[PDB]
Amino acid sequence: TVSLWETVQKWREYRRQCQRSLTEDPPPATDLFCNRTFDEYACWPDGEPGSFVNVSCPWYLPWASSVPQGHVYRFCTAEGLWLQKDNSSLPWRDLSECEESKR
């Protein structure tokens, strides 16, 4: 099923649920952690220092049912900052598992 209108509405619902999590999820155990965030594509929880953070492929994607173990990744440095680059800024993110294509 192809609908721009339906996909935008699913994104808005994902965004609304994400905002609810960002506001209401309890703080981490420790004071060292990378901070939760909505990057417009995926919802990120607080990260554990020195760790990869994996979240499910966003379920608004028209092809989400094709990738239902796929993850998107970030890396939380040692440190409590999201791994970036920066050349330039924006955290490193791997979303290859959530891509539409075969091949």
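Numbers for residues come from their place in the sequence shown, where the first is 1. Only the largest set of C-alpha atoms that superpose within 1.5 Å between the two forms is called the rigid core.
In 8 other deposited structures of this protein, superposed on the rigid core, the segment with the larger root-mean-square CA displacement between 77-85 and 17-25 is 77-85.
The higher RMS C-alpha distance to the shown form in 8 other deposited structures of this protein, out of 28-36 and 66-74, belongs to 28-36, with every structure fitted on the core. The stretch 24-32 shows the higher mean C-alpha B-factor when 54-62 is compared against 24-32 in the entry.
Mean CA B-factor, 6-14 versus 85-93: the higher value falls on 85-93. Ranked within its chain, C76 lands in the middle third, by CA B factor from the PDB record.
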